[PDB]
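Chain by chain, the residues:
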Amino acid sequence: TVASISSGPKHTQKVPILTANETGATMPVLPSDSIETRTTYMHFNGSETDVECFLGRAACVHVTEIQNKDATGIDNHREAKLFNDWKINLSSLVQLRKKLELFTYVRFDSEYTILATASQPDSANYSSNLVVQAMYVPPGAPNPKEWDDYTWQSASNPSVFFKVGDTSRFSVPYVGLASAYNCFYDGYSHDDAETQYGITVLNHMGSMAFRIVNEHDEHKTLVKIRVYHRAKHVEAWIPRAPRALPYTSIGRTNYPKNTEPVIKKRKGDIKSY
Amino acid sequence: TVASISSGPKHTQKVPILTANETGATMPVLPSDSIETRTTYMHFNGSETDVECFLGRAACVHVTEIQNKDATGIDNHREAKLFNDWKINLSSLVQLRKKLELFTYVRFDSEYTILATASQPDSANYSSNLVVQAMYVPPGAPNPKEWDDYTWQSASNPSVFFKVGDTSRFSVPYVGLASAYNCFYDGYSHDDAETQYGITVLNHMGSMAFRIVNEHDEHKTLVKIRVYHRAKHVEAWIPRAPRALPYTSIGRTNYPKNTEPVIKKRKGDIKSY
Amino acid sequence: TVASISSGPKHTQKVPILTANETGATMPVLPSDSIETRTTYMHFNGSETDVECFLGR
Amino acid sequence: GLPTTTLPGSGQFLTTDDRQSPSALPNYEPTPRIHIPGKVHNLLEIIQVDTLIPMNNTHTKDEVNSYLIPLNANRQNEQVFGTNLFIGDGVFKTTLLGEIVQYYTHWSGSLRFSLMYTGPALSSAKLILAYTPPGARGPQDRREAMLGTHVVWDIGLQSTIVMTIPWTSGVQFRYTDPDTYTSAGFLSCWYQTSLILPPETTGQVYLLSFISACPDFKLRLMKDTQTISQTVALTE
Amino acid sequence: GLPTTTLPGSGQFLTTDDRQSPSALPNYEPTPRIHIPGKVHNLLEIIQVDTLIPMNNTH
Amino acid sequence: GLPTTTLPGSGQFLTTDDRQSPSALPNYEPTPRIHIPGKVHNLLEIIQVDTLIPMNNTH
Amino acid sequence: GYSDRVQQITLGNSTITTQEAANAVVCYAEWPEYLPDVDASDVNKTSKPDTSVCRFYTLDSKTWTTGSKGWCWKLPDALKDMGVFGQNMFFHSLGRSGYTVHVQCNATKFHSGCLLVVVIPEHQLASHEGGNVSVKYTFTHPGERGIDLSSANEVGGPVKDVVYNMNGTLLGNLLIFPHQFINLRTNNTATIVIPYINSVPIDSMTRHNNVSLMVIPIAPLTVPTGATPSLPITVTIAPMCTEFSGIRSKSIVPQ
Amino acid sequence: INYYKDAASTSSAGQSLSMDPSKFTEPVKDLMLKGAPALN
Amino acid sequence: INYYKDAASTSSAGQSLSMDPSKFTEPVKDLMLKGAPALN
Amino acid sequence: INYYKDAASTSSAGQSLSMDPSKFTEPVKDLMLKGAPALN
Ligand SMILES: Cc1cc(CCCCCOc2c(Cl)cc(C3=NCCO3)cc2Cl)on1
Ligand SMILES: Cc1cc(CCCCCOc2c(Cl)cc(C3=NCCO3)cc2Cl)on1
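Cut-off values and rules
- Each chain is numbered from 1 in the order of its written sequence, a scheme that can depart from the entry numbering, and any residue without coordinates is omitted.
- To label them, take the chains in the order written and letter them from A, then take the ligands in the order written and number them from 1.
- Reported quantities concern only the chains on display, which constitute a fraction of a larger assembly.
- Water and hydrogen atoms play no part in the side-chain values, which are based on all heavy atoms of the structure.
- Whether two strands pair comes down to DSSP finding at least two bridges between them.
- A run of DSSP states H or I qualifies as a helix once it reaches four residues; a run of E qualifies as a strand once it reaches two. Both are numbered from the N-terminal end.
- The axes are straight lines fitted to the C-alpha atoms, using for helices just the contacting stretch, and the angles between their N-to-C directions are given from 0 to 180°.
- For the exposure calls, accessible area comes from a 1.4 Å probe over protein chains only, and a residue counts as buried if that area is under 20% of its type's maximum, exposed if over 50%, partly exposed in between.
- Contact between two residues is taken to exist if any of their heavy atoms lie within 4.5 Å; hydrogens are not considered.
- A 1.4 Å probe defines the accessible area here, and the buried area is the portion of it lost by two parts on being joined, summed over both.
- For this analysis, a salt bridge means a side-chain nitrogen from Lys or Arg found within 4 Å of a carboxyl oxygen belonging to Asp or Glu.
- Identification of polar contacts relies on pairs of N or O atoms within 3.5 Å, with a donor-acceptor requirement for protein atoms, meaning one able to donate a hydrogen and the other able to accept it, and with residues adjacent in sequence counted only if both atoms are side-chain atoms.
- We call a residue near a molecule or strand whenever a single non-hydrogen atom of that residue lies within 4 Å of it.
- Between rings of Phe, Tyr and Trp, where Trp is taken as its six-membered ring, a pair exists when centres lie within 6.5 Å; planes separated by under 30 degrees are stacked, by over 60 edge-to-face, and by other angles tilted.
- Counted as over-ring charges are cases with an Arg CZ or a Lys NZ within 6 Å of the ring centre that also lie within 35 degrees of the ring normal.
- Definitions used for this entry: grid spacing 1 Å over protein atoms alone; cavity, a set of points where a 1.4 Å probe fits but cannot get out; pocket, an open set with protein on both sides within 12 Å along at least 5 of 7 lines; lining residue, one with an atom within 4 Å of a point.
- Grid points are joined across faces, edges and corners, and a volume is the space filled by probe spheres set on the points.
- Amino acids outside the nonpolar list (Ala, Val, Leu, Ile, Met, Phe, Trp, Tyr, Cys, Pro) and the charged list (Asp, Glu, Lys, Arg) are all regarded as polar, and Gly is one of them.

(A) Spatial organisation of the sheet that holds strand β1 (residues 4-6) of chain E. Taken in spatial order, the three strands make up an open sheet running β1(E)-β1(D)-β1(F), and their pairing is parallel. The open sheet has two free edges, formed respectively by β1 of chain E together with β1 (2-4) of chain F, since each of these has just one partner strand. If you compare each strand with its neighbour and ignore which way they point, the axes differ by 45° on average. Judged from the three bridges that link them, strand β1 (residues 2-6) of chain D and β1(E) form a sheet pairing that is parallel. Considered in β1(E), the bridge of D:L2 is made with E:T4.

This is how it looks when you write it as structure tokens:
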């Protein structure tokens, strides 16, 4: 492939460099339309800018935490982090968010990796070996109330059991309702006068729930869960302007008030170098 | 495959929507018999509603517990949970039970996964590493009396040895006496006037027995066993009405007295939306 | 493989059920030598009684 | 010795994975299968059989009576019953259809709603059933109702009428647990002319109503049902 | 039983590796794709559209 | 190095499984078999020989 | 001029005519047939009394009144005493059978009411006590009398609550079982042909009933003005393709 | 590839792709045609 | 070699090697030739 | 596939499928036919 062809002096009536940008086109002008060039080859394919590659590496999408401790006398397991949940969403963390929001609709399978590490902030004789249980409560499913409920039975709910310190991994098809995931949605659930606005109304795919299978030892053990997400088989439509201001909420476009100028002011003139 | 064909106005003597339900049939009426439709395709196969898929994921069927402790002076190992047993049955937990009872007779191979985690509720210097031994005492076999009996020799009894925190897995053919497992049985063992009633008399396939191989350390260690069961190679006959009331017993159909209305009462009229 | 063949009434001079055990043999008598039977198949091979299986765990 | 590397996920137990395992009972021979009528292969086979809907939900303890929709002689213009179409909740919820839908997260497809009339043979009636697609309110009078999917039913020799709720939707799947964006409409029924009883006859007559799914139907993404739970393991 | 040896790196999680995984939802059927104008395949496709430069940065 | 994943059950010992193992005595030559009357192949062969029943159990 | 409506069933030495039928149901779309060899296990030749057992027995009549809750019969129990069918039953170790069930209820064009006639394979009943109380033998072997769902709880008997099918499932879903309605305005009989359904090729006829036939009023009976407020319901049932095997001494069963 | 000798040890079965609701939805003895009168 | 049955479980996709910026860079209704005048 | 060199290291043997009880059930010198008299 040639990156530049050889081109010499020109004295024409045919001027490729004068255009009318009002038309909305970006005319494909090249170095050889306005200087004299020599042949050179590309030596490159643009492999690593493919959208599959761009969205295809694992990104941290969520960090939660649960603890193993005596539940005796706990009136609210959920509240004691005897077990937590993550109401599946990819808008939490902004690193992967900005990347995704470069497009309007996106379609992909997900591969999740879940790393779990334990901490024992206060005096323990040892490090126990705990087994985590991650179960996906599809919307319209009995939500775990306790840490050893009947829900954890998950007889129809896909669940994975792995050891703390270890990692769990699996992949999920694209479980979108539509033909693709809406990165943006300028509409509402229904024609109400108070109903929410955005995608937060469209992206209601239940939540994930973690818990430690093991009973309690004499000390307490903090287990912190990190969920990583990798898109595989990516398809993206309609590019948009990149995010400039900071994010404030999962699912709304809102930016913070009295934010700071995002364009760097010159130290000098327009004329400055 | 078409999900709907195109159909237009009708003014006939041939009315597919008038039927006689007294006959016991559900006549196969479609949208296109009563409105004007356009062609649309199915795009779907009904893969995930196959009975193999429906009964084919692991469900928790049993949680038991045994402990490792000094048996010195224990007059009844079984009673000290020096070792326990599970009198194999799939009616214990109701999550997988309701699913199975959607059919009358069911035939399948079983794949068991056994997760074992340890707990040390009171002061230990460390976490020991225990090895569990799960042996299936077929009915008419010497039942373990102690925790280091001659029975544990299991020279003809299939047994598996795995580490606590780890998982054990294997699969078993369908060991039913008949051509299929009876989900229901409206009969008795014999023509007696006091003999039990149900399947609890039909499903007598012995019990499973767990124990910790390791001797006792200075502290005590609680090991809690969870048995998961996955049906593979499923065959199901005669669908029945789903279970509406709560369950009270393994193997009988009995529901609790002064149960609550299972049909949600309207907040409003018959006419209400 | 048939487990039992069909067999009907008998009024013979040929009695397979009378033997002399003093000989040391176990004569291969079947249900169909003394009652009327219907055909049935074995559906079974005797796999799990092979000595390799019996001593092999 | 062949060199290997283990990946993330090694040793995990995923209740939904499907792999081979050693048989604990090597060489065992299962009982022969004999023939049994009734084999089921897909849950899609059974949700096409219709079952009764406790439409008359207005009672206070479960009773045979909540299956009966009453009809009054001589009323004109008025409304017989109304319900939204959240097949995973409300009237639908205990029906076989409702009961299976609840094992899945998403559904799509047409529904078949039929009414069988049980009044004396010498009576007569004309009813209108109307399906209102998502976007409008439950109709408030027949005029409103008759502008959407509807069937004038003439009660005759042929005892049942089968109304289809054709799949009307932007999004190709709806959630089985009630959700707004994903909502499916309303179903109402009104007198078209009115029920008329013969002489020597009196009182209320009832309609029985059934629901089953058209062959159109799709259910996906299995999950656990809110319809069953427990607090301690059961014993014998 | 086939003899194996595990190499350095076993058990690591590299966010950039690309391998197979079990599907949590065996047999599930995704929604059909419909046509949508605008598909992007390479970031190289979009950086050829011109956009305005805040050249007058002096504010 | 070929990528692998280990499944649930790894490391378990099931007394009924049937796999290959290294021989501790590589290259050893067993004694030749000679003929011996009486070989049994199936327990089904022997349960067809009749034996006496202590029917008069009353002692 | 054949209508779905008129029918004749002749079986043995007995015939039934209905002039107001609503087709007939054949459970699971299969018609009763004898036991094939490929499915056989017991080596005994079986006995097929044919026409002496495969005829129509009419059980004693019931009375539908405005307060009726429904009735339940078990098979082969209901026939335990009918002619030679019953003798064969007590005298062989094993037996097998399919049936034609014909439920009859006629009224006039001024009555209203609708019965559900359903056959439930393996209908294991529940104890009204809850817990794991069993249902004694006698209680699940009512004989030709059947069980009257509007009778009182008894001790050791089953629960008789209709909206729960006597087992923890809702009346509304019984429609998944082969069934037919009798709607006075349409119908006057219900006919169901039952093939033999079991997990074994042949079984005991006394320790296990393999179907319960259930007749349940759903739309209450409403008679014309100053009519007597009740109608009789009659059940006639015929064993079909019956086979008995393992003859001997004659079973003795509780009570 | 099966690594094991017994059939019980193989993975899940593969979709019936059988599907025939008529034993449940139309178990009537005389065939009913949609469009023709239910009761003649 | 796929070891798994479902398509979601396969590794990353492979390069589009599609690449056609004209839907974005030249969505004009009447075709513009470089070198010819923009507005005639 | 055997991974090992020695025969002892291979898995269990496979069913004789030999089966001949006559060495045990009928070791008589002169052949006895069922149905013919035992002692002539
Ligand atoms: C846009 C966009 C895309 C997504 C991803 C939605 C996630 C779908 C559900 O994914 C899971 C499934 Cl199918 C299973 C499990 C799981 N099974 C066993 C343990 O976890 C977890 C998740 Cl997040 O969210 N917003
Ligand atoms: C219905 C129905 C089906 C079942 C399942 C019965 C289980 C049969 C026996 O299964 C086992 C076998 Cl064959 C072996 C082992 C075992 N071998 C080594 C460790 O455990 C465990 C079980 Cl549950 O119960 N009710």
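There's plenty left to go through after this.
(B) Layout of the pairing of strand β13 (residues 186-191) of chain D. All names here are of chain D. Summarising burial for β13: six of the six residues are buried, a large majority. Side chains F186, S188 and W190 of β13 all project onto a buried face; the interleaved residues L187, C189 and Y191 project onto the opposite face, where all are buried too. As paired strands, strand β6 (residues 79-84) and β13 are joined by five bridges and run antiparallel to one another. Within the sheet, the bridge partner assigned to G82 lies in β13 and is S188. Sheet analysis places strand β9 (residues 126-132) next to β13, joined by six bridges and oriented antiparallel.

(C) Structural view of the side chain of G:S127. Summarising the element assignment, G:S127 is placed in the loop between β8 (112-121) and β9 (147-148). Given the relative accessible area of 1%, G:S127 is considered buried. If we ignore the near neighbours within four places in the chain, the residues touching G:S127 are B:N254, G:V133, G:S134, G:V135, G:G157 and G:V159.

(D) Just helix α1 (residues 83-91) of chain G, in detail. Residues G:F85, G:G86, G:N88, G:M89 and G:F90 constitute the buried set of α1(G). Contacts made by the buried residues of α1(G) are with β4 (57-58), β7 (92-104) and β13 (230-247) of chain G.

(E) Looking closely at the interface of chain D and chain B. Counting from both sides, the interface comprises 99 residues of chain D and, opposite them, 79 residues of chain B. When chain D packs against chain B, the two sides together hide about 7800 Å² of surface, and 59% of this comes from carbon and sulfur. The tally of links from chain D across to chain B stands at six salt bridges. The interface formed by chain D and chain B holds 46 residue pairs in polar contact in total. When residues in the side of chain D that touches chain B are grouped by element, the largest group, six residues, is from β6(D).

(F) A look at the site of ligand 2. The immediate surroundings of ligand 2 are formed by 17 residues, with B:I88, B:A134, B:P158, B:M205 and B:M208 found nearest. Those residues lying near ligand 2 are distributed over chains B and D. One of the backbone nitrogen or oxygen atoms of B:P158 is found 3.3 Å away from a nitrogen atom of ligand 2. One of the side-chain nitrogen or oxygen atoms of B:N203 is found 3.5 Å away from a nitrogen atom of ligand 2.

(G) Seen up close, the arrangement of the chains. In this assembly, 28 pairs of chains are in contact, and the pair with the greatest number of contacts comprises chains B and D. One finds no contact linking chain F with chain G; the least C-alpha distance across the pair is 19 Å. Over all C-alpha pairs, chain B and chain J never come within contact, reaching a minimum spacing of 16 Å.

(H) The pairing of strand β8 (residues 111-117) of chain D, seen in detail. Residue and element names in this part refer to chain D. Across the seven residues of β8, seven count as buried, placing the element largely inside the fold. Here β8 shows no split at all, with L111, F113, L115 and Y117 on one side and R112, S114 and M116 on the other all buried. The pairing of β8 with strand β11 (residues 160-165) spans six bridges and is classified as antiparallel. What sits directly across from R112, in β11, is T164. Sheet topology note: the β8/strand β14 (residues 205-213) ladder contains seven bridges and is antiparallel. Within β14, the residue paired with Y117 across the bridge is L207.

(I) Just the packing of aromatic side chains, in detail. A full pass over the atoms with the stated rule returns 28 aromatic pairs over all chains. When the centroid spacing of 6.1 Å and the interplanar angle of 75° are considered together, the rings of G:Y28 and H:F24 count as edge-to-face. Of this pair, G:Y28 sits in the loop between β3 (25-26) and β4 while H:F24 is found in helix α1 (residues 22-25), placing the two residues in two different chains. Put simply, the rings of A:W86, A:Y112 and A:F170 pair up and form one aromatic cluster. If you follow A:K99 out to its NZ or CZ, it ends over the ring of A:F54, 5.0 Å from the centre.

(J) Region of the structure containing the pattern of salt bridges. Residue and element names in this part refer to chain G. Taken as a whole, this structure holds 46 salt bridges over all chains when the rule is applied. We note a salt bridge from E243 to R96, for which the minimum N-O separation is 4.0 Å. Taken together, the residues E243 in strand β13 and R96 in strand β7 connect sequence positions 147 residues apart. On the accessibility criterion, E243 (1% relative accessible area) is buried. Look at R96 and you get buried, because its relative accessible area is 8%.

(K) Empty space enclosed by the protein, seen in detail. All names here are of chain B. One pass over the structure, following the stated rule, counts 15 cavities of 30 Å³ or more. Estimated volume of the largest cavity: approximately 730 Å³. Together, 35 residues line the largest cavity, and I88, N89, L90, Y112 and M205 are the ones closest to its centre. Contributing elements (two or more residues each) for the lining of the largest cavity: α2 (94-100), β6 (103-119), β7 (131-137), β8 (159-163), β9 (167-172) and β10 (181-182). It is β6 that provides the largest number of residues to the lining of the largest cavity, a total of five residues. Residues of the lining of the largest cavity, tallied by class, amount to 23 nonpolar, eight polar and four charged. In this model, the second largest cavity occupies a volume close to 160 Å³. Looking at the lining of the second largest cavity residue by residue, the class counts come to eight nonpolar, six polar and four charged.

In short, geometric facts, not functional conclusions.
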